[PDB]
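Enquirer: Below is target_17.cif; it holds mmCIF, C-alpha atoms and all ligand atoms.
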```
data_protein
#
loop_
_atom_site.label_atom_id
_atom_site.label_comp_id
_atom_site.auth_asym_id
_atom_site.auth_seq_id
_atom_site.Cartn_x
_atom_site.Cartn_y
_atom_site.Cartn_z
CA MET A 2 24.42 175.15 99.16
CA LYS A 3 27.11 177.29 100.90
CA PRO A 4 28.32 177.32 104.55
CA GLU A 5 27.05 180.96 105.04
CA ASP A 6 23.49 179.62 104.21
CA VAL A 7 23.73 176.84 106.87
CA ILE A 8 24.90 179.65 109.26
CA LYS A 9 21.92 181.97 108.32
CA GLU A 10 19.51 179.04 109.13
CA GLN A 11 21.51 178.01 112.28
CA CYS A 12 21.20 181.57 113.77
CA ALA A 13 17.49 182.17 112.89
CA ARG A 14 16.65 179.05 115.08
CA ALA A 15 18.85 180.43 117.97
CA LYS A 16 17.98 182.28 121.27
CA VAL A 17 21.43 184.07 121.39
CA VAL A 18 23.60 185.12 118.38
CA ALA A 19 27.17 186.49 118.61
CA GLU A 20 28.26 188.45 115.49
CA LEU A 21 31.94 188.04 114.38
CA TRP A 22 33.03 190.85 111.98
CA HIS A 23 35.91 189.72 109.68
CA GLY A 24 38.05 190.78 106.67
CA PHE A 25 37.99 187.50 104.68
CA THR A 26 36.72 188.43 101.19
CA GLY A 27 36.65 184.88 99.71
CA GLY A 28 38.93 181.87 99.13
CA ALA A 29 39.98 179.22 101.69
CA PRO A 30 40.38 181.81 104.52
CA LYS A 31 36.61 182.63 104.31
CA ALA A 32 35.61 178.97 103.78
CA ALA A 33 37.74 177.60 106.71
CA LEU A 34 36.31 180.30 109.12
CA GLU A 35 32.73 179.49 107.91
CA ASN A 36 33.25 175.67 108.26
CA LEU A 37 34.76 176.20 111.76
CA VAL A 38 31.59 178.22 112.70
CA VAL A 39 29.19 175.57 111.18
CA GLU A 40 30.88 172.80 113.30
CA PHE A 41 30.70 175.05 116.48
CA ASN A 42 27.01 176.08 115.97
CA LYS A 43 26.07 172.31 115.57
CA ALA A 44 27.22 171.44 119.15
CA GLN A 45 25.14 174.40 120.55
CA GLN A 46 21.43 174.48 121.55
CA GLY A 47 20.04 177.86 120.37
CA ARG A 48 23.53 179.47 120.80
CA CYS A 49 25.56 180.61 117.69
CA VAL A 50 28.22 182.76 115.96
CA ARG A 51 27.21 184.62 112.72
CA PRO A 52 30.34 185.59 110.70
CA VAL A 53 29.65 189.01 109.06
CA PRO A 54 32.18 189.90 106.32
CA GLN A 55 33.05 193.65 106.11
CA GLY A 56 35.44 193.69 103.07
CA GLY A 57 39.21 193.70 103.72
CA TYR A 58 40.94 194.33 107.09
CA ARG A 59 40.93 198.14 106.55
CA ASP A 60 37.15 198.09 105.77
CA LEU A 61 36.69 196.11 109.07
CA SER A 62 38.58 198.64 111.32
CA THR A 63 36.69 201.59 109.61
CA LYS A 64 33.26 199.87 110.15
CA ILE A 65 34.25 199.06 113.83
CA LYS A 66 35.24 202.78 114.29
CA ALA A 67 31.72 203.70 112.95
CA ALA A 68 30.13 200.82 114.98
CA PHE A 69 31.39 202.80 118.09
CA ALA A 70 29.88 206.20 116.98
CA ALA A 71 26.59 204.34 116.05
CA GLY A 72 26.22 202.48 119.44
CA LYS A 73 26.10 198.85 118.04
CA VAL A 74 29.29 196.66 118.00
CA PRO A 75 29.58 192.91 117.27
CA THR A 76 30.46 190.36 120.01
CA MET A 77 33.85 189.61 118.33
CA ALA A 78 36.02 190.95 115.45
CA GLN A 79 39.42 190.42 113.79
CA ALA A 80 42.01 193.06 114.87
CA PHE A 81 45.76 193.66 114.37
CA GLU A 82 47.76 194.43 117.54
CA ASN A 83 47.58 198.16 116.51
CA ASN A 84 43.73 198.16 116.03
CA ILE A 85 43.69 196.61 119.59
CA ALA A 86 45.76 199.63 120.81
CA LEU A 87 43.12 201.94 119.18
CA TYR A 88 40.08 200.12 120.76
CA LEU A 89 41.85 200.04 124.21
CA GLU A 90 42.05 203.91 124.14
CA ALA A 91 38.16 203.91 124.11
CA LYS A 92 38.15 200.99 126.73
CA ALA A 93 36.05 198.87 124.24
CA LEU A 94 37.68 195.37 124.81
CA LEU A 95 37.20 192.58 127.45
CA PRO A 96 40.39 191.02 128.87
CA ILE A 97 40.28 187.44 127.39
CA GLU A 98 41.34 185.73 130.72
CA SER A 99 38.50 187.40 132.78
CA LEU A 100 36.21 185.41 130.34
CA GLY A 101 38.23 182.34 131.59
CA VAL A 102 39.69 181.18 128.18
CA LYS A 103 42.80 179.07 129.06
CA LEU A 104 45.70 180.60 127.02
CA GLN A 105 48.42 178.10 128.19
CA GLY A 106 49.85 176.34 125.06
CA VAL A 107 49.33 179.52 122.88
CA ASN A 108 52.64 180.48 121.08
CA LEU A 109 54.25 183.23 123.30
CA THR A 110 55.27 185.22 120.17
CA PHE A 111 51.48 185.51 119.41
CA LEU A 112 50.46 185.93 123.11
CA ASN A 113 53.08 188.72 123.79
CA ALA A 114 51.73 190.68 120.72
CA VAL A 115 48.11 190.71 122.22
CA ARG A 116 49.22 191.61 125.80
CA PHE A 117 48.97 195.34 126.83
CA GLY A 118 50.00 196.39 130.36
CA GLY A 119 50.51 192.69 131.25
CA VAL A 120 46.83 192.06 130.17
CA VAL A 121 45.81 189.90 127.11
CA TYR A 122 42.97 191.59 125.08
CA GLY A 123 43.10 189.22 122.03
CA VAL A 124 43.07 185.49 121.07
CA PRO A 125 45.48 184.80 118.15
CA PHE A 126 43.22 183.29 115.37
CA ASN A 127 44.65 183.58 111.80
CA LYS A 128 48.36 184.37 112.20
CA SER A 129 50.52 184.47 109.05
CA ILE A 130 54.28 184.63 108.44
CA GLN A 131 56.06 185.86 105.25
CA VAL A 132 57.64 182.90 103.29
CA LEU A 133 59.73 182.65 100.06
CA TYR A 134 57.25 181.38 97.38
CA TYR A 135 59.22 180.18 94.34
CA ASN A 136 59.11 178.51 90.90
CA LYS A 137 60.58 174.99 91.34
CA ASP A 138 60.54 174.34 87.55
CA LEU A 139 62.31 177.67 86.77
CA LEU A 140 65.09 177.24 89.43
CA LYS A 141 65.73 173.64 88.20
CA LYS A 142 65.87 174.90 84.58
CA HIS A 143 68.99 177.04 85.42
CA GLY A 144 70.67 174.97 88.21
CA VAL A 145 69.90 177.74 90.76
CA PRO A 146 69.74 176.45 94.38
CA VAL A 147 66.93 177.88 96.58
CA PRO A 148 68.54 181.10 97.94
CA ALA A 149 69.40 180.85 101.72
CA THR A 150 70.95 184.39 102.16
CA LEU A 151 70.00 187.93 101.01
CA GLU A 152 73.27 187.82 98.92
CA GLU A 153 72.24 184.52 97.20
CA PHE A 154 68.67 185.90 96.58
CA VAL A 155 69.93 189.10 94.75
CA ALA A 156 72.50 186.99 92.77
CA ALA A 157 69.83 184.33 91.88
CA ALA A 158 67.15 186.97 90.93
CA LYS A 159 69.75 188.65 88.60
CA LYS A 160 70.78 185.26 87.09
CA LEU A 161 67.18 184.07 86.34
CA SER A 162 66.08 187.60 85.13
CA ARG A 163 69.03 187.71 82.65
CA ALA A 164 68.29 184.11 81.48
CA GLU A 165 64.47 184.68 80.99
CA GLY A 166 64.48 188.31 79.58
CA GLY A 167 62.53 189.91 82.50
CA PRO A 168 62.37 190.51 86.28
CA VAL A 169 61.81 187.30 88.36
CA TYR A 170 61.53 188.71 91.96
CA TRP A 171 57.81 189.87 92.19
CA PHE A 172 56.85 192.25 95.08
CA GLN A 173 54.10 194.72 96.02
CA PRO A 174 55.58 198.19 96.78
CA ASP A 175 53.99 198.15 100.28
CA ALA A 176 55.06 198.34 104.01
CA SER A 177 54.86 194.50 104.36
CA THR A 178 57.41 193.75 101.61
CA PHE A 179 59.64 196.70 102.73
CA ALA A 180 59.35 195.14 106.28
CA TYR A 181 61.11 191.96 105.04
CA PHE A 182 64.19 193.90 103.70
CA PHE A 183 64.15 196.54 106.56
CA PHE A 184 64.28 193.81 109.30
CA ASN A 185 66.93 191.60 107.60
CA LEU A 186 69.31 194.66 107.12
CA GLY A 187 69.27 195.27 110.94
CA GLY A 188 66.47 197.85 110.88
CA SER A 189 64.06 198.54 113.75
CA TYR A 190 61.04 200.91 113.81
CA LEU A 191 61.36 202.26 117.47
CA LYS A 192 64.51 204.20 118.63
CA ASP A 193 64.27 204.94 122.41
CA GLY A 194 60.43 204.85 122.00
CA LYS A 195 60.33 207.18 118.92
CA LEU A 196 58.88 205.74 115.69
CA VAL A 197 61.55 206.17 112.97
CA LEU A 198 60.78 205.57 109.26
CA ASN A 199 63.99 207.22 107.81
CA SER A 200 66.84 205.31 109.58
CA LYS A 201 69.73 204.29 107.23
CA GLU A 202 68.41 200.60 107.26
CA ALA A 203 65.09 202.03 105.90
CA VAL A 204 66.95 203.99 103.21
CA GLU A 205 69.09 200.87 102.41
CA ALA A 206 65.89 198.72 102.18
CA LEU A 207 63.96 201.02 99.80
CA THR A 208 67.21 201.59 97.82
CA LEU A 209 67.57 197.79 97.35
CA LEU A 210 64.04 197.39 95.81
CA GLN A 211 64.57 200.60 93.72
CA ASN A 212 67.99 199.32 92.45
CA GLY A 213 66.30 195.87 91.88
CA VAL A 214 63.66 197.49 89.65
CA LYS A 215 66.28 199.69 87.84
CA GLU A 216 68.60 196.64 87.22
CA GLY A 217 65.69 194.55 85.79
CA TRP A 218 65.55 191.77 88.51
CA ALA A 219 62.59 193.13 90.64
CA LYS A 220 58.99 193.51 89.26
CA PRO A 221 56.67 195.96 91.09
CA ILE A 222 53.08 194.45 91.07
CA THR A 223 50.61 197.40 91.00
CA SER A 224 47.21 195.71 90.29
CA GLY A 225 46.00 192.81 92.47
CA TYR A 226 47.89 190.25 94.63
CA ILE A 227 51.09 188.61 93.21
CA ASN A 228 49.13 185.28 92.78
CA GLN A 229 46.58 187.21 90.63
CA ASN A 230 49.43 188.24 88.19
CA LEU A 231 51.14 184.79 87.72
CA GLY A 232 51.31 183.82 84.01
CA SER A 233 52.39 187.30 82.64
CA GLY A 234 56.19 186.78 82.22
CA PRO A 235 58.84 184.79 84.14
CA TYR A 236 58.17 184.28 87.92
CA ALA A 237 60.97 182.87 90.15
CA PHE A 238 60.14 184.24 93.67
CA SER A 239 58.02 186.41 95.96
CA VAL A 240 58.15 187.25 99.69
CA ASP A 241 54.55 186.87 100.83
CA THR A 242 52.07 185.91 103.60
CA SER A 243 51.71 182.15 104.33
CA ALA A 244 47.91 182.98 103.97
CA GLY A 245 48.41 183.32 100.16
CA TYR A 246 49.41 179.62 99.95
CA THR A 247 46.04 178.28 98.49
CA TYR A 248 45.77 181.31 96.02
CA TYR A 249 49.36 180.65 94.75
CA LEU A 250 48.51 176.87 94.56
CA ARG A 251 45.26 177.55 92.55
CA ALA A 252 46.98 180.10 90.19
CA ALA A 253 50.47 178.64 89.48
CA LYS A 254 50.85 176.74 86.13
CA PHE A 255 54.37 175.75 87.42
CA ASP A 256 55.42 173.47 90.38
CA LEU A 257 55.00 175.78 93.46
CA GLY A 258 57.72 175.69 96.16
CA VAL A 259 57.70 177.29 99.66
CA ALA A 260 60.98 177.93 101.53
CA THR A 261 62.17 179.81 104.64
CA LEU A 262 63.26 183.44 104.02
CA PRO A 263 66.78 184.34 102.96
CA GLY A 264 68.69 185.90 105.96
CA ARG A 265 72.06 187.77 106.40
CA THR A 266 73.82 184.33 106.89
CA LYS A 267 73.12 180.53 106.51
CA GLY A 268 73.14 180.41 110.40
CA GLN A 269 69.49 181.49 110.47
CA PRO A 270 66.55 182.03 108.07
CA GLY A 271 65.75 185.77 107.78
CA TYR A 272 62.89 187.20 109.89
CA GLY A 273 59.36 187.16 108.39
CA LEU A 274 56.62 189.74 109.13
CA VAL A 275 53.71 188.34 111.20
CA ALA A 276 50.26 189.38 109.84
CA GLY A 277 46.70 188.11 110.00
CA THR A 278 44.60 188.88 113.09
CA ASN A 279 43.52 188.11 116.71
CA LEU A 280 39.83 187.77 117.81
CA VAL A 281 38.74 190.49 120.35
CA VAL A 282 35.62 190.50 122.58
CA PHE A 283 33.67 193.81 122.85
CA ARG A 284 32.53 195.03 126.33
CA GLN A 285 29.21 196.26 124.78
CA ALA A 286 28.31 192.54 124.20
CA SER A 287 25.73 190.98 126.63
CA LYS A 288 26.77 188.30 129.26
CA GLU A 289 24.96 185.67 127.09
CA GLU A 290 26.85 186.73 123.88
CA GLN A 291 30.17 186.89 125.84
CA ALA A 292 29.54 183.22 126.96
CA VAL A 293 29.14 182.13 123.28
CA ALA A 294 32.40 184.12 122.66
CA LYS A 295 34.29 182.26 125.46
CA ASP A 296 32.94 178.86 124.14
CA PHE A 297 33.87 179.83 120.53
CA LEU A 298 37.39 181.03 121.53
CA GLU A 299 38.05 177.67 123.35
CA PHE A 300 36.77 175.77 120.20
CA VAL A 301 39.03 177.92 117.94
CA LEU A 302 42.03 177.18 120.26
CA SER A 303 41.17 173.40 120.32
CA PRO A 304 43.89 171.38 118.53
CA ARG A 305 41.45 170.05 115.85
CA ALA A 306 40.00 173.53 114.87
CA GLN A 307 43.65 174.86 114.72
CA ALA A 308 44.92 171.84 112.69
CA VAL A 309 41.99 172.05 110.09
CA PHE A 310 42.09 175.93 109.97
CA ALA A 311 45.91 176.02 109.38
CA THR A 312 46.08 173.07 106.85
CA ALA A 313 43.05 174.50 104.86
CA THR A 314 44.77 177.97 104.67
CA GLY A 315 48.60 178.05 105.27
CA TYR A 316 48.06 180.24 108.40
CA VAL A 317 50.39 179.26 111.35
CA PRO A 318 48.83 177.12 114.13
CA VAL A 319 48.81 179.31 117.30
CA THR A 320 49.08 176.38 119.85
CA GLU A 321 51.65 173.61 120.66
CA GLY A 322 48.59 171.22 120.79
CA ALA A 323 47.72 171.84 117.08
CA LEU A 324 51.10 170.20 116.11
CA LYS A 325 50.27 167.03 118.17
CA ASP A 326 46.86 166.73 116.35
CA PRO A 327 46.66 163.77 113.85
CA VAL A 328 44.87 165.84 111.17
CA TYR A 329 47.77 168.36 111.29
CA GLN A 330 50.35 165.50 111.34
CA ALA A 331 48.59 163.74 108.36
CA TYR A 332 48.67 166.94 106.16
CA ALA A 333 52.31 167.65 107.22
CA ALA A 334 53.37 164.07 106.24
CA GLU A 335 52.02 164.44 102.64
CA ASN A 336 52.99 168.18 102.33
CA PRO A 337 56.37 169.55 103.58
CA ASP A 338 55.23 173.18 102.95
CA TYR A 339 53.33 173.10 106.32
CA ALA A 340 56.47 172.30 108.38
CA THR A 341 58.27 175.01 106.31
CA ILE A 342 55.60 177.62 107.29
CA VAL A 343 55.86 176.46 111.03
CA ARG A 344 59.70 176.52 110.79
CA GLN A 345 59.51 180.10 109.36
CA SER A 346 57.05 181.09 112.25
CA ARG A 347 60.03 180.76 114.70
CA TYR A 348 61.93 183.75 113.04
CA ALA A 349 59.07 186.28 113.20
CA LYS A 350 59.04 190.11 113.61
CA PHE A 351 56.06 192.47 114.25
CA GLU A 352 55.28 196.01 113.12
CA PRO A 353 54.76 198.62 115.91
CA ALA A 354 51.43 198.30 117.88
CA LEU A 355 50.79 202.11 117.96
CA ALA A 356 47.08 203.18 117.55
CA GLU A 357 48.11 205.24 114.43
CA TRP A 358 50.04 202.33 112.77
CA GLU A 359 47.23 201.18 110.36
CA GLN A 360 47.08 204.77 108.97
CA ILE A 361 50.95 205.15 108.90
CA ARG A 362 51.67 201.81 107.08
CA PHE A 363 49.18 202.55 104.22
CA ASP A 364 48.74 206.37 103.69
CA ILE A 365 52.34 207.46 104.78
CA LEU A 366 55.00 204.60 104.73
CA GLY A 367 53.19 202.66 101.85
CA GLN A 368 52.97 205.93 99.77
CA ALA A 369 56.67 206.78 100.41
CA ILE A 370 57.54 203.26 99.09
CA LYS A 371 55.24 203.77 96.00
CA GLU A 372 56.81 207.20 95.28
CA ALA A 373 60.27 205.54 95.38
CA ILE A 374 59.44 202.40 93.35
CA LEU A 375 56.85 203.65 90.78
CA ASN A 376 57.76 207.47 90.51
CA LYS A 377 61.60 207.08 91.08
CA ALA A 378 61.61 209.45 94.14
CA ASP A 379 64.94 209.36 96.06
CA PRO A 380 64.48 206.76 98.85
CA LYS A 381 65.95 209.05 101.55
CA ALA A 382 63.70 212.05 100.54
CA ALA A 383 60.60 209.82 100.16
CA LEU A 384 61.11 208.34 103.70
CA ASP A 385 62.18 211.77 105.14
CA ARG A 386 58.72 213.06 104.02
CA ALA A 387 57.12 209.97 105.70
CA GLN A 388 59.10 210.66 108.92
CA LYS A 389 57.66 214.24 108.99
CA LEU A 390 54.00 213.18 108.29
CA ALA A 391 54.26 210.35 110.90
CA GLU A 392 55.56 212.98 113.47
CA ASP A 393 52.69 215.42 112.47
CA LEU A 394 50.05 212.61 112.81
CA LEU A 395 51.44 211.60 116.28
CA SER A 396 51.82 215.21 117.72
CA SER A 397 48.05 215.60 116.78
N1 LIG A 401 43.84 196.77 108.17
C1 LIG A 401 45.13 196.44 108.42
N2 LIG A 401 45.76 195.61 107.55
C2 LIG A 401 47.05 195.25 107.77
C3 LIG A 401 47.77 195.77 108.94
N3 LIG A 401 48.99 195.24 108.88
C4 LIG A 401 49.05 194.44 107.76
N4 LIG A 401 47.89 194.47 107.09
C5 LIG A 401 47.43 193.74 105.88
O1 LIG A 401 47.51 192.34 106.17
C6 LIG A 401 47.64 191.64 104.95
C7 LIG A 401 48.21 190.27 105.27
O2 LIG A 401 47.30 189.58 106.14
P1 LIG A 401 47.18 187.98 105.95
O3 LIG A 401 46.22 187.38 106.92
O4 LIG A 401 48.68 187.44 106.23
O5 LIG A 401 46.72 187.67 104.44
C8 LIG A 401 45.45 188.00 103.88
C9 LIG A 401 45.62 188.35 102.41
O6 LIG A 401 46.82 189.09 102.10
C10 LIG A 401 45.57 186.96 101.76
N5 LIG A 401 45.09 186.94 100.35
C11 LIG A 401 43.81 187.25 100.04
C12 LIG A 401 43.41 187.22 98.71
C13 LIG A 401 44.35 186.87 97.73
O7 LIG A 401 44.05 186.81 96.53
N6 LIG A 401 45.62 186.56 98.05
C14 LIG A 401 46.02 186.59 99.32
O8 LIG A 401 47.22 186.31 99.57
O9 LIG A 401 44.71 186.15 102.57
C15 LIG A 401 44.54 186.77 103.83
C16 LIG A 401 43.04 187.02 103.96
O10 LIG A 401 42.60 188.02 103.02
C17 LIG A 401 48.47 192.55 104.05
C18 LIG A 401 48.11 192.46 102.57
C19 LIG A 401 47.00 193.45 102.29
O11 LIG A 401 45.76 192.75 102.19
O12 LIG A 401 47.24 194.18 101.06
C20 LIG A 401 47.10 194.43 103.47
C21 LIG A 401 48.10 193.92 104.52
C22 LIG A 401 47.01 196.68 109.83
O13 LIG A 401 47.50 197.21 110.85
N7 LIG A 401 45.73 196.95 109.52
#
```
Render the structure in this file as structure tokens.

Expert:
Amino acid sequence: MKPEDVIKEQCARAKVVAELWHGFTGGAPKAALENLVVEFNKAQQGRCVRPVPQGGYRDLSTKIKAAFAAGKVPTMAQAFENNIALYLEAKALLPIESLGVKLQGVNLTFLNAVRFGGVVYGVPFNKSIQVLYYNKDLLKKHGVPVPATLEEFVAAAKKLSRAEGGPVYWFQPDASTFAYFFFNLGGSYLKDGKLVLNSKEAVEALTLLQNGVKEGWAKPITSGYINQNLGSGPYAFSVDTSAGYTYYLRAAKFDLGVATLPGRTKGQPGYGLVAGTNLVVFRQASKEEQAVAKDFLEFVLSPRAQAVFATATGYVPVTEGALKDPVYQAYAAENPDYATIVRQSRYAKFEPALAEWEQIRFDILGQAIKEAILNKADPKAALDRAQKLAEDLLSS
């Protein structure tokens, strides 16, 4: 018997049911959200949340878009800062504090990202940071220290690739990976409020990956997640969401390591991209459903839910109080990778929160990167196209 079966029974016996639409397809992410919900529904009396999966995050935003045209929205859903911008244009979201959820203790990084015109419209739930995943066995084999700087990372990738007869830095040719190299070469997406995809730090960032592929140290992964490709040739490293931690752990036939990101200098770990989502509450929800929502968002923000959620998944705890929880502390004492993910969460950067950003990162920026990496398009001309499409989409 599965936790979504318990939930189906729990809700059928309930006077009020709050739907939560999500983008967890399977794995520990889906199981930790379901378990959370089971625990919550137990302490209720004919109150409940029903998690409704919708596919991936892009399937979710599309089905929420349609949910609006159709007249029927859930109580709650997962949303990136930029999906929040979109829903705010149609006035669809309740301010979280008017519900009376106490947000003191919530990481200010996470809280600032969900705050529009001084007003919070999301609760940070499943917040991820990019880490350096690596092959402990392979680095030990060649007396290669864990790279601390961009410089050391390129030199180490070249040294292990040469030794093993194939490219050891594995990456997806996507906006998220490009974000790592863009940010840690001084790059920023807004210039005096104008979204810029073709700045010289963009060109340098795409060039680096393209030169990496050409020189035989970087491996573009074109089918599935990196952790779904492990075991086909030598793997030394990947820059990837802390939310992949259980999938890497399940897949790796080598000793898995997690480290902070290489940065420009040893003075600081490089910035990681923040991903995963915030929970929003829809205005269309009834008073009753909104009360379940408030109660559920306080449970989710409770140190124990946050400790269990984050240790079951590798997502970053969103509250100071999660780190003082004994369950957190017990997992951290037997597993240093948790403190490494938290340490990396301090050097965090965000993508723009423009309504059009979901579309831009996938269909325009993502495609420019794929042109460059897979079809050997000039980085500058690839991104210059992107800049033009982005501008056309926005003008619209
Ligand atoms: N819709 C929409 N999506 C966005 C936006 N900005 C970024 N992203 C996506 O967020 C993923 C990161 O969010 P995160 O919670 O850190 O990680 C995800 C999964 O990545 C990860 N996972 C799942 C299965 C697996 O085998 N391995 C694994 O690592 O587990 C989590 C739950 O699915 C990127 C990756 C992507 O899925 O290709 C698309 C990217 C946006 O604005 N909108």

Enquirer: Would you give me, as a tab-separated table, each residue of chain A having an atom within 8 Å of an atom of ligand LIG 401 (chain A), along with its shortest atom pair and that distance in Å to one decimal, using all atoms listed in the file and sorting by chain and residue number?

Expert:
```
residue	atom	partner	partner_atom	distance
A:24	CA	A:LIG401	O10	6.5
A:25	CA	A:LIG401	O10	4.9
A:26	CA	A:LIG401	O10	6.2
A:27	CA	A:LIG401	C12	7.2
A:28	CA	A:LIG401	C12	7.0
A:30	CA	A:LIG401	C16	5.9
A:31	CA	A:LIG401	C16	7.8
A:57	CA	A:LIG401	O10	6.7
A:58	CA	A:LIG401	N1	3.9
A:59	CA	A:LIG401	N1	3.6
A:60	CA	A:LIG401	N1	7.2
A:61	CA	A:LIG401	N1	7.2
A:62	CA	A:LIG401	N1	6.4
A:80	CA	A:LIG401	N7	7.6
A:81	CA	A:LIG401	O13	5.3
A:82	CA	A:LIG401	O13	7.2
A:83	CA	A:LIG401	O13	5.7
A:84	CA	A:LIG401	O13	6.5
A:127	CA	A:LIG401	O3	6.4
A:128	CA	A:LIG401	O3	6.4
A:129	CA	A:LIG401	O4	4.5
A:130	CA	A:LIG401	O4	6.6
A:131	CA	A:LIG401	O4	7.6
A:175	CA	A:LIG401	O12	7.9
A:177	CA	A:LIG401	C17	6.7
A:225	CA	A:LIG401	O7	7.5
A:226	CA	A:LIG401	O7	5.5
A:227	CA	A:LIG401	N6	7.6
A:228	CA	A:LIG401	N6	6.5
A:229	CA	A:LIG401	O7	6.4
A:241	CA	A:LIG401	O8	7.5
A:242	CA	A:LIG401	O4	4.6
A:243	CA	A:LIG401	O4	6.4
A:244	CA	A:LIG401	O9	4.7
A:245	CA	A:LIG401	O8	3.3
A:246	CA	A:LIG401	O8	7.0
A:248	CA	A:LIG401	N6	5.6
A:249	CA	A:LIG401	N6	7.7
A:275	CA	A:LIG401	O4	7.1
A:276	CA	A:LIG401	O4	4.4
A:277	CA	A:LIG401	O3	3.2
A:278	CA	A:LIG401	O3	6.6
A:316	CA	A:LIG401	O3	7.5
A:352	CA	A:LIG401	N3	7.6
A:358	CA	A:LIG401	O13	6.0
A:359	CA	A:LIG401	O13	4.0
A:360	CA	A:LIG401	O13	7.8
A:362	CA	A:LIG401	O13	7.3
```

Enquirer: Would you mind telling me which residue in A:36, A:172, A:162, A:314 lies nearest to residue 338 in chain A when using only C-alpha atoms?

Expert: A:314

Enquirer: Go through A:45, A:110, A:150, A:199 one by one, measure the shortest atom-to-atom distance of each to residue 381 in chain A using only C-alpha atoms, and give the residue with the smallest value.

Expert: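 The shortest atom-to-atom distance to residue 381 in chain A comes from A:199.
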
Enquirer: For the point (41.8, 187.9, 119.9) in file coordinates, what residues are within 6 Å, counting all atoms listed in the file? Give the answer as an mmCIF file with C-alpha atoms, keeping the file's coordinate frame?

Expert:
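So the final result, stored in out27.cif, reads:
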```cif
data_model
loop_
_atom_site.group_PDB
_atom_site.id
_atom_site.type_symbol
_atom_site.label_atom_id
_atom_site.label_comp_id
_atom_site.auth_asym_id
_atom_site.auth_seq_id
_atom_site.Cartn_x
_atom_site.Cartn_y
_atom_site.Cartn_z
ATOM 1 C CA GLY A 123 43.100 189.220 122.030
ATOM 2 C CA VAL A 124 43.070 185.490 121.070
ATOM 3 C CA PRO A 125 45.480 184.800 118.150
ATOM 4 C CA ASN A 279 43.520 188.110 116.710
ATOM 5 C CA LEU A 280 39.830 187.770 117.810
ATOM 6 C CA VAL A 281 38.740 190.490 120.350
#
```

Enquirer: Edge lengths and centre in Å to one decimal, as JSON, of the axis-aligned box that encloses all listed atoms of range 85-102 of chain A with 3 Å added on every side?

Expert:
```
{"center_x": 40.9, "center_y": 192.5, "center_z": 126.0, "size_x": 15.7, "size_y": 28.7, "size_z": 19.6}
```

Enquirer: May I ask for the distance between CA of residue 232 in chain A and CA of residue 333 in chain A, given in Å to one decimal place?

Expert: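 Going from CA of residue 232 in chain A over to CA of residue 333 in chain A, I get 28.3 Å.
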
Enquirer: Name the closest residue to residue 304 in chain A among the candidates A:238, A:285, A:21, A:106; distances are taken between atoms, counting all atoms listed in the file.

Expert: A:106

Enquirer: Kindly provide, as number ranges by chain, the polymer residues lying within 10 Å of (66.1, 203.8, 110.0), counting all atoms listed in the file and using the coordinates exactly as they appear in the file.

Expert: A: 183, 187-192, 196-206, 381, 384, 388

Enquirer: As an exercise, work out the distance from CA of residue 294 in chain A to CA of residue 102 in chain A in Å and give it to one decimal place.

Expert: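 Going from CA of residue 294 in chain A over to CA of residue 102 in chain A, I get 9.6 Å.
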
Enquirer: Which one of A:303, A:223, A:93, A:158 sits closest to residue 72 in chain A if you count only C-alpha atoms?

Expert: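 Checking each of A:303, A:223, A:93, A:158 against residue 72 in chain A, counting only C-alpha atoms, the winner is A:93.
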
Enquirer: Using only C-alpha atoms, which residue out of A:18, A:149, A:390, A:121 lies closest to residue 268 in chain A?

Expert: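 The shortest atom-to-atom distance to residue 268 in chain A comes from A:149.
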
Enquirer: For residue 349 in chain A, which residue out of A:312, A:109, A:289, A:371 is the nearest one, using all atoms listed in the file?

Expert: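 With all atoms listed in the file as the atom set, the closest residue is A:109.
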
Enquirer: Using CA of residue 67 in chain A and CA of residue 295 in chain A as the two end points, give the distance in Å to one decimal.

Expert: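 Separating CA of residue 67 in chain A from CA of residue 295 in chain A is a distance of 25.0 Å.
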
Enquirer: What lies within 8 Å of residue 35 in chain A using all atoms listed in the file, ignoring chain neighbours under 4 positions off, as a list in words?

Expert: residues 4, 5, 8, 31, 39 and 52 of chain A

Enquirer: Do a neighbour search on residue 145 in chain A at 8 Å with only C-alpha atoms, toss out local chain neighbours closer than 4 positions, and write the hits as a list in words.

Expert: residues 140, 141 and 157 of chain A

Enquirer: Which polymer residues have any atom within 10 Å of an atom of residue 332 in chain A, counting only C-alpha atoms, with same-chain residues fewer than 5 positions away left out, as a ChimeraX atom specification?

Expert: /A:308-309,312-313,327,337-340

Enquirer: Leaving out residue 218 in chain A and any residue of its chain fewer than 2 positions from it, which residues lie within 10 Å of it when counting only C-alpha atoms, given as a short mmCIF file (atom, residue, chain, number, x, y, z; two decimals) with C-alpha atoms, in the coordinates of the input?

Expert:
```cif
data_model
loop_
_atom_site.label_atom_id
_atom_site.label_comp_id
_atom_site.auth_asym_id
_atom_site.auth_seq_id
_atom_site.Cartn_x
_atom_site.Cartn_y
_atom_site.Cartn_z
CA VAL A 155 69.93 189.10 94.75
CA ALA A 156 72.50 186.99 92.77
CA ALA A 157 69.83 184.33 91.88
CA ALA A 158 67.15 186.97 90.93
CA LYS A 159 69.75 188.65 88.60
CA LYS A 160 70.78 185.26 87.09
CA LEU A 161 67.18 184.07 86.34
CA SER A 162 66.08 187.60 85.13
CA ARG A 163 69.03 187.71 82.65
CA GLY A 166 64.48 188.31 79.58
CA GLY A 167 62.53 189.91 82.50
CA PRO A 168 62.37 190.51 86.28
CA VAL A 169 61.81 187.30 88.36
CA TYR A 170 61.53 188.71 91.96
CA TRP A 171 57.81 189.87 92.19
CA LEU A 210 64.04 197.39 95.81
CA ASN A 212 67.99 199.32 92.45
CA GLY A 213 66.30 195.87 91.88
CA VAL A 214 63.66 197.49 89.65
CA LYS A 215 66.28 199.69 87.84
CA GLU A 216 68.60 196.64 87.22
CA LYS A 220 58.99 193.51 89.26
#
```
